[PDB]
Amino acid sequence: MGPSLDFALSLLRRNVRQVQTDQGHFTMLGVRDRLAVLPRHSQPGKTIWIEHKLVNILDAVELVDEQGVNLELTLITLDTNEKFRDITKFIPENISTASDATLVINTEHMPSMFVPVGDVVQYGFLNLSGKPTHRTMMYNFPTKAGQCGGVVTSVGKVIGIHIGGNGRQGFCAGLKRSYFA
């Protein structure tokens, strides 16, 4: 087996989890230690179902930029025995574009799902259900409901979390390493 498939499968195995909040089904990315990240609109409460058990959330942090504008990411710290494999070195120090990215989804409804979203470009501002959002990127792929949390990735790099779409395009919140330091 080759490098790109091996990397995405290993991600699925170690870092990308099936979860459910009161808002329904999402893909969650575990980054290091007890720190994971979800799309903000998933509204994780005091607990979150992770794969096969209800896990308690010790802390949630909604990321805003310097303007106080929503970045549509929530850092959660879990009460678990698990330490996630540390993947912070796969996340670029700044929000980076990519060519021929793959969206990795892992939901009860869409388990271990690989979606070739193609090239990923800077987008910046995006208006989501009346919520304005910054630092987004775009891919021209008709992404759909149930795919939020999905992990945008390419050549051993983890560059975004899927958050939205318009029926023709999809959009992710971009990752940078400092969010997880």
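Counting begins at 1, following the sequence as shown.
- For the segment pair 122-130 and 108-116, the entry gives 122-130 the higher mean B-factor, averaged over Cα atoms.
- According to the PDB record, 46-54 carries the higher mean C-alpha B-factor of the two stretches 46-54 and 25-33.
- Highest CA B-factor among the listed residues (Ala60, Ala145, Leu38, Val152): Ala145.
- In this PDB entry, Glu93 carries a Cα temperature factor that places it within the highest third of its chain's modelled residues.
- The deposited CA B-factor of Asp86 belongs to the middle third of values across its chain.
- Split the chain's modelled residues into thirds by C-alpha temperature factor. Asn166 is in the highest one.
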